[PDB]
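**Q** Before anything else, here's the structure in question.
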Ligand SMILES: Cc1cc2nc3c(=O)[nH]c(=O)nc-3n(C[C@H](O)[C@H](O)[C@H](O)COP(=O)(O)OP(=O)(O)OC[C@H]3O[C@@H](n4cnc5c(N)ncnc54)[C@H](O)[C@@H]3O)c2cc1C
């Protein structure tokens, strides 16, 4: 039988599992936790990601749309957060508009746990094994198949292993090692502060014009998004502050404990003190108690490939990214689509040698590697533009606009269907 082991039931692994289910490919999800938890973080999914969801199966996109929210329409206003003019009262000030970014096909955000809960409904219970904390991968002496070994002391067998086990992937460690110079995520030097406030309260402070649309407020060393989310009657305020310092290292298997700290209330206040009243007002709407999220990415120490032998990486295990152009989870869905399509070809074949399995995964990598690396770099650059790292873009709006629009187009208007046919063509070759 041809068996796919998916290590990790995050967004990437769950999306892949549904794609395989709907293509009649045998798989098992091995998840280290007792359940998929309840992490509430908000993830924004872009058009390219929504197309890949649909292509996996319409129920993946439906799972998403059932729990997602958005502003009215797909236009985002990019403003200069410093040089708002006219008043200290945002209700009568004039936002300093740089340009508008129109998102063809729109974007939506959801709580991660809500999307997880919808997707999991579509996966049979007998396809998910909890408390399976993958520790190592070896090769079976008799068969040459992968042997998974879990911390509970048990093993499993598979023809291919898909590491969907996130930013601190054990599958990645198995492939490429753990030493100080190994592929790994590192701090991107950006801290996330975010909150939701009742939409009517935001309108009372900022006025209706400034709560009518999504706005990204650029400025020196930090930026903030104010996004009115209609279906939840809330204004989402998402600030990112650049931090030249290192992130303190904590020994923990919990990614929350690794990448989150309590935030002293004055941190956001200080970062935005030189901004205009709209930004200072928005930031003041954060709860006095909040958390900060240290964003890590794989820009500096990327993996050299997504596949080795019968093992591969997808999602944040492969290409953890800053979220400056949308949640990096979107690319886990693109990865999942390619894997679903290639693995369906193997699942149909009378026999699949280790060579053919390995070549299949290599094809997956050939199709996704360059684009995936591009996102990690482009997203980091986007942060640099929005925080005026190199130049005051408040004073060069037209230039800024050309740069952001171009990179947005390459990401969001990607040929999803062509990616699949490319994969199947190359698979043929190999
Ligand atoms: C605190 C925090 C805040 C975040 N905030 C944001 C945000 O604001 N915006 C945004 O876009 N993204 C955010 N993210 C990231 C987002 O959750 C992920 O990008 C998204 O879930 C896609 O990642 P993934 O599915 O590839 O992997 P993950 O979501 O990391 O899923 C990995 C899964 O594999 C399991 N696993 C790990 N190791 C093993 C192992 N050895 N054996 C078995 N199972 C294993 C994990 O338990 C988990 O279920 C945040 C993440 C964290 C931790």
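Residue numbers (this note's numbering): 5 to 434.
Don't be surprised by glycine CBs; every beta carbon is placed ideally from N, CA and C.
Contact check, residue 3 vs residue 15 under 8 angstroms by CB: the rounded distance?
**A** As displayed, the chain neither begins before 5 nor continues past 434, which places residue 3 out of reach and without an answer.
**Q** Please list the terminal residues of the continuous alpha helix (DSSP H) segment that includes residue 17.
**A** Here the alpha helix (DSSP H) through residue 17 covers 15–25.
**Q** Applying the 10 Å Cβ sphere with the 16-neighbour rule, what's the burial state of residue 395?
**A** Label assigned to residue 395: exposed.
**Q** Using the three-state DSSP reduction, which class does residue 334 fall into: helix, strand or coil?
**A** Residue 334 falls in the helix class under three-state DSSP.
**Q** Looking at the secondary structure, which residues open and close the beta strand (DSSP E) in which residue 359 lies?
**A** Segment 358–390 is the alpha helix (DSSP H) holding residue 359; no beta strand (DSSP E) there.
**Q** Count the other CB atoms, across all protein chains shown, that sit within 10 Å of the CB of residue 155; report buried if there are 16 or more and exposed otherwise.
**A** exposed
**Q** Can you tell me which of 390, 323, 281 puts its alpha carbon nearest to the alpha carbon of residue 93?
**A** 281
**Q** Is residue 133 near ligand 1, in the sense that its beta carbon is under 6 angstroms from a heavy atom of that ligand?
**A** no
**Q** Compute the Euclidean distance between the alpha carbons of residue 267 and residue 243, then round it to the nearest angstrom.
**A** So the alpha carbons of these two residues sit roughly 13 angstroms apart.
**Q** Are at least three pairs of beta-carbons, each pair with one atom in the stretch 196–209 and one in the stretch 359–369, less than 8 angstroms apart?
**A** no
**Q** Should residue 56 be counted as a contact of ligand 1 given a C-beta to heavy atom distance under 6 angstroms?
**A** no
**Q** Using DSSP with H/G/I as helix, E/B as strand and the rest coil, what is residue 52?
**A** Reduced to three states, the DSSP call for residue 52 is helix.
**Q** Does the stretch 229–244 come into contact with the stretch 202–220, if we say contact requires no fewer than three beta-carbon pairs (one atom in each stretch) closer than 8 angstroms?
**A** yes
**Q** Mark residue 319 as exposed unless 16 or more other C-beta atoms lie within 10 angstroms of its C-beta, in which case mark it buried.
**A** buried
**Q** Closest to residue 200 by C-alpha separation, out of 235, 168, 36, would be which residue?
**A** Residue 200 has its Cα closest to that of 235, out of 235, 168, 36.
**Q** Which residue marks the beginning of the beta strand (DSSP E) containing residue 114, and which one marks its end?
**A** 112–115
**Q** What's the C-alpha gap between residue 82 and residue 51?
**A** 19 angstroms
**Q** Out of 425, 346, 107, 374, state which residue places its alpha-carbon closest to the alpha-carbon of residue 361.
**A** 346
**Q** Report back the beta-carbon spacing between residue 25 and residue 127 to the nearest angstrom; my notes put them in contact at under 8 angstroms.
**A** Sure, about 7 angstroms apart at Cβ, within 8 angstroms.
**Q** Relative to the C-alpha of residue 105, which candidate in 317, 413, 333, 40 has its C-alpha closest?
**A** 413
**Q** Which same chain residues end up closer than 8 angstroms to residue 371 when comparing Cβ atoms and leaving out the 5 residues on each side of it in sequence?
**A** 342, 423, 426, 427, 430
**Q** Roughly how many whole angstroms lie between the Cα atoms of residue 125 and residue 173?
**A** Cα to Cα, the separation comes out at about 25 angstroms.
**Q** Just checking, does the stretch 30–48 make contact with the stretch 398–410 on the three C-beta pairs under 8 angstroms criterion?
**A** Inter-segment contact for the stretch 30–48 and the stretch 398–410 is absent: fewer than three beta-carbon pairs are separated by less than 8 angstroms.
**Q** DSSP puts residue 3 in a beta bridge; with which residues?
**A** Limits of the chain in this structure are 5 at one end and 434 at the other, which puts residue 3 out of reach.
**Q** Using 8 angstroms for Cβ pairs, my map puts residue 375 next to residue 192. What's the rounded Cβ distance?
**A** Not confirmed; about 19 angstroms, so no contact.
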